[PDB]
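So the structure is just underneath, and the comments pick up after that.
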Amino acid sequence: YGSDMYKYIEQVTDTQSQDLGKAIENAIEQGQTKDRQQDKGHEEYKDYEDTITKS
Amino acid sequence: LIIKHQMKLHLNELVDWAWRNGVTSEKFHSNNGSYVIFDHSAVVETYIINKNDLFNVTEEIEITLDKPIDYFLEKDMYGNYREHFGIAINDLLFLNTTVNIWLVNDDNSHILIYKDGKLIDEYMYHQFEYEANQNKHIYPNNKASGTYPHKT
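Line order of the protein sequences matches chains J and L. Using the deposited numbering, the first residue of the first sequence is number 112, and each one after it goes up by one. Using the deposited numbering, the first residue of the second sequence is number 1, and each one after it goes up by one.
Quick look at the structure:
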């Protein structure tokens with residue numbers, strides 16, 4: 112009797128669910144760098160200029 | 001872990017505290033002899049209450065894992081420091097990583113409450129409460145803010 116009978120009359124499937132997730136990620140990064148530059152320079156030059164005048 | 005906390009409150013702060021922590025009927029005296037009477041949690045009779053009048057009230061703050069804490073600081077096992085407002089200690093997602101938890105007292109003074117996976121007992125908490133802010137100098141200021149009201 113009652114209304115609930117209709118649920119059985121037409122096959123009714125009630126489905127539920129619940130997913131509860133948790134996630135913690137911890138990352139530690141360290142880095143070191145070492146550089147070294149060594150240069151050398153050398154330049155040499157020569158010039159000549161001759162001026163002759165008449166007046 | 002219940003801690004008594006005695007404080008001096010102005011009229012507005014006293015009224016707010018009384019209404020939050022329900023008081024059925026009680027008379028509060030002030031610094032300067034003025035009083036306010038609560039009856040059936042409603043203000044009924046107040047004497048001549050000037051500004052800056054101080055009322056003494058003692059409130060119990062209880063520190064437990066299940067109940068919320070207004071302001072605390074948590075240190076992870078990795079080395080991260082975080083601050084949480086108004087949540088219980090158990091409300092942390094991963095309490096497993098947490099190493100130390102210090103209560104914060106609005107003076108920027110930390111008191112250890114959680115170490116080594118367990119709460120700090122009452123007496124060690126009293127020791128740390130004394131110990132946290134030793135050299136705290138408070139500004140000395142006195143104004144009477146009153147005179148015998150009647151003509152005498």
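We put the beta carbon where it would ideally sit given N, CA and C, even for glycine.
Short of 7 Å in beta carbon distance, which residues of its chain neighbour residue i, apart from the five on each side in sequence? Order them along the chain.
| i | result |
| --- | --- |
| residue 153/L | Outside the modelled stretch of chain L, which goes from 1 to 152, sits residue 153/L, for which no answer is possible. |
| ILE2/L | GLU60, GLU62 |
| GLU26/L | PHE38 |
| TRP102/L | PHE72, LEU73, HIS110, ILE111, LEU112, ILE113 |
| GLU154/J | none |
| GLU121/J | none |
Should residue i and residue j be called a contact, given that it needs their Cβ atoms to be closer than 7 Å?
| i | j | result |
| --- | --- | --- |
| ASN31/L | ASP53/L | yes |
| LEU65/L | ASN90/L | yes |
| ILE111/L | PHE128/L | yes |
| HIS5/L | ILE61/L | yes |
| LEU14/L | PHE55/L | yes |
| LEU9/L | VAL43/L | no |
| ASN80/L | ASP107/L | no |
| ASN50/L | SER145/L | yes |
| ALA88/L | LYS118/L | no |
| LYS133/J | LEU92/L | no |
Enumerate in chain order the residues of its own chain whose CB-to-CB distance from residue i is below 6 Å, with the five nearest sequence positions on each side excluded.
| i | result |
| --- | --- |
| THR97/L | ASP76, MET77 |
| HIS29/L | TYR35 |
Counting C-beta neighbours from all protein chains within 10 Å, is the total for residue i 16 or more, i.e. buried, or is it exposed?
| i | result |
| --- | --- |
| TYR148/L | exposed |
| residue 107/J | With chain J represented from 112 up to 166, any question about residue 107/J goes unanswered, as that position is not in the structure. |
| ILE135/J | exposed |
| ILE69/L | buried |
| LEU131/J | exposed |
Excluding the 5 residues flanking residue i on each side, which residues of the same chain have their C-beta closer than 8 Å to its C-beta?
| i | result |
| --- | --- |
| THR144/J | none |
Residues within the region 125–141 of chain J neighbouring chain L, beta-carbon criterion of under 8 Å: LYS133, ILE135, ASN137, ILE139
Taking 8 Å as the cut-off, does the region 121–130 of chain L touch the region 18–29 of chain L (at least 3 CB pairs, one atom from each stretch)? no
Can you pull out the residues from the region 95–108 of chain L whose beta carbon lies closer than 8 Å to at least one beta carbon of chain J? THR97
What are the residues in the region 63–85 of chain L lying within 9 Å of chain J by C-beta distance? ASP76, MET77, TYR78, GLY79, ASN80
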